[PDB]
2 protein chains.
Amino acid sequence: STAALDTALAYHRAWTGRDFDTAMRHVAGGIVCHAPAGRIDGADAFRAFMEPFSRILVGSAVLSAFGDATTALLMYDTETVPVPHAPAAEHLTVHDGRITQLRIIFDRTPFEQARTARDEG
Amino acid sequence: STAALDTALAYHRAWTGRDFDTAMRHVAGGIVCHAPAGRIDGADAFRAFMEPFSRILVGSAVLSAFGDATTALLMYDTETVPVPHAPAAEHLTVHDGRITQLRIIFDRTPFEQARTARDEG
């Protein structure tokens, strides 16, 4: 069974393509997201986090992706204006086609450095 | 085939247990490592990066791990003194029992925040 990975990649494709209503089809109402800045609960808060993220992306590529019947693990590169390469990894739990847990890891430092450098000159 | 994942987890176990000579058995002489601060080439430079890292770890747990014949993907939590939880994800390429490429993602921000806060009071 490929179910969880198929859901993870369908979500990822829609999210990176800024087709958010489609991406949110794959998100459980009670999703728990653990992200570098902290914990997010519920599809509404999740959307408020994911949507601005997708809109700073200007390219991406999946580097590695695996899963089984209920979990998936993937790593992808992203391109942004301030940071040329900002790779991320995600661990997803999926039940009946919906992501119920999502842990995402990426390095915030390059963004903070770009943002402080711009703002102080 | 589980070869790449078996190598990845054997490396991980030894590295987190501070058994570095054993961990380095699983590292190719010409390893290419892509880490948050940049690219590292060769087992000597890799050791100079991994060893100090292991020695700030005071606990860890594998959250997810998958692989096939030549690549593996894993995500693990770590505990440190300045940062209670610093999870990382690794994408490994493995040939004939040796890691020849390693991309690792973790968020440097909490460390930098702890380090600046300590040093300025």
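Residues numbered from 1 in each chain as written, not as in the entry; some residues may be left out. Chains lettered and ligands numbered in written order. Heavy atoms only, no water. Residues with missing side-chain atoms left out of burial classes, pairs and counts.

Method of determination for the deposited model, per the PDB record: X-ray crystallography, at 1.8520 Å resolution.

Help me out: how do you make sense of the packing of aromatic side chains in this one?
Given two aromatic rings, their pairing is described by the distance between the two centres and the angle made by the two planes. All told, the structure shown has 15 aromatic pairs over all chains when counted by the stated rule. Ring centres of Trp15(B) and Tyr76(B) lie 6.0 Å apart, and the angle between their planes is 70°; this geometry places the pair in the edge-to-face category. With a gap of 61 residues between them, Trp15(B) in helix α1 (residues 3–16) and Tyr76(B) in strand β4 (residues 71–80) connect regions that are remote in the sequence. Three or more aromatic residues joined by ring pairs make a cluster, and in this case those are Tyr11(A), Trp15(A), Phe46(A), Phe49(A), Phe53(A), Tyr76(A) and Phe106(A). (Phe/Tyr/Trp six-rings, centres within 6.5 Å; stacked < 30°, edge-to-face > 60°. Helix = DSSP H or I, 4+ residues; strand = E, 2+ residues; numbered from the N terminus.)

Whenever I open this one, the pattern of salt bridges confuses me. Can you help?
Residues and elements named next belong to chain A. The final tally for this structure, using the stated rule, is 10 salt bridges over all chains. A salt bridge links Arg 47 to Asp 21; the shortest N-O distance between them is 3.1 Å. Note that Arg 47 is positioned in helix α3 (residues 43–56) and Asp 21 in helix α2 (residues 20–24), a separation of 26 residues in sequence. The partly exposed category is assigned to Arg 47, whose relative accessible area is 26%. Accessibility expressed as a relative area gives 57% for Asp 21, which makes it exposed. Three or more residues are tied together by salt bridges with common partners; here these are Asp 21, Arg 47, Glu 51 and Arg 55. (Salt bridge = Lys/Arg side-chain N within 4 Å of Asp/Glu carboxyl O. Buried < 20%, exposed > 50% of the residue type's maximum accessible area, 1.4 Å probe, protein only.)

Honestly, the packing of α1(B) against helix α3 (residues 43–56) of chain B in this entry has me stumped. Any pointers?
To characterise two packed helices, one gives the angle between the axes of the helices and the distance between these axes. Residues and elements named next belong to chain B. Where α1 contacts α3, the two axes come as close as 9 Å, and the packing angle between them is 60°. Comparing their axes, α3 and α1 come out oblique. Together, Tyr 11, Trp 15 and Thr 16 of α1 and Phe 46, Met 50, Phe 53 and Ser 54 of α3 make up the contact between the two elements. Its residues assigned to classes, the contact of α1 with α3 shows five nonpolar, two polar and no charged. (Axes fitted to C-alpha atoms, helices over the stretch in contact; angles between N-to-C directions. Parallel < 35°, antiparallel > 145°, perpendicular 65-115°, else oblique. Contact = heavy atoms within 4.5 Å. Nonpolar A, V, L, I, M, F, W, Y, C, P; charged D, E, K, R; others polar.)

Is there a simple way to explain the sheet that holds strand β4 (residues 71–80) of chain A in this structure?
The strands making up a sheet associate through hydrogen bonds between their backbones, and the pairing can be parallel or antiparallel. All names here are of chain A. Overall, mixed pairing links the six strands, which are arranged β2-β1-β6-β5-β4-β3 in an open sheet. Lying at the two open borders of the sheet, with one neighbouring strand each, are β2 (38–41) and β3 (57–67). For this sheet, the mean inter-axis angle between neighbouring strands, taken without regard to orientation, is 20°. In the packing of α3 onto the sheet, contacts are made with β1 (27–35), β2, β3, β4 and β6 (98–105), and the angle to β1 comes to roughly 60°. (Pairing = 2+ DSSP bridges.)

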